[PDB]
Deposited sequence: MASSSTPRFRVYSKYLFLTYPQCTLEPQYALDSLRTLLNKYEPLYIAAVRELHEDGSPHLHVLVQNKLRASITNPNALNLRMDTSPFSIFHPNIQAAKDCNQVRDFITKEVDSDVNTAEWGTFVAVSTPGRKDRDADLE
C-alpha cells in the first residue's frame, strides 16, 4: 500500500529521455489540483533519467503510484514511470539535480519557494 502525502515532490524517471520542457508542461497539468508553485525538470544524459522537483500550494495526497506516468507522443509511445517521493529538503533536492546538469537540459517554471 503506497501513499505520498506532501506539498513537495521529488520525481525520478529512469531510462527516460523526455525533453525536460514537455515533461514539465504535462506534469504541471497533471498536478494542477495542488496548484504547483515551482517546478524544476532536469534531464541527465550520461543511465539516462529525469529528475523533477515540484513545490505545490497544497499537500498533494497521491495513492495511485501510476498517477504521474508519462507517455511519449511518437514511436514507440512508451509509458515512463516515476519514483515518487516526498522531498525532505527542497534546497538539497534542487541543488542535487541542477548540479547533475549543460543548461539545455533544464526546465524551470514559477518562483522557487523558500521552505521553512
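A.B. asks: List in ascending order the stretches of the deposited sequence, numbered from 1, that lack C-alpha coordinates.
C.D. replies: In the chain as deposited, 1-7, 54-56, 112, 128-139 carry no coordinates.
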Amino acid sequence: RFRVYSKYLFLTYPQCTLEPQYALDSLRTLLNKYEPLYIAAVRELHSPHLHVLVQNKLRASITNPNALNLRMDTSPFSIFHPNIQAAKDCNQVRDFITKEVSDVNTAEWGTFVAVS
From here on, numbers count along this sequence of modelled residues.
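A.B. asks: For the higher mean C-alpha B factor in the entry, choose 73-81 or 48-56.
C.D. replies: Looking at the record's C-alpha B-factors, the answer is 73-81.
A.B. asks: Which is higher on mean Cα B factor in this entry, 82-90 or 57-65?
C.D. replies: Stretch with the higher mean C-alpha B-factor: 57-65.
A.B. asks: Which third of the chain holds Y8 when residues are ordered by C-alpha B factor: lowest, middle or highest?
C.D. replies: Tercile = middle for this residue's CA B-factor.
A.B. asks: Quick check on the deposited entry: does the C-alpha B-factor of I97 sit in the lowest, middle or highest third of its chain?
C.D. replies: Middle third.
A.B. asks: Quick one: classify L24 as lowest, middle or highest third of the chain based on its Cα B-factor.
C.D. replies: Its C-alpha B-factor, which the entry lists for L24, ranks in the middle third among residues of this chain.
A.B. asks: Going by the entry, which third of its chain does the Cα temperature factor of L18 land in?
C.D. replies: Middle third by C-alpha B-factor.
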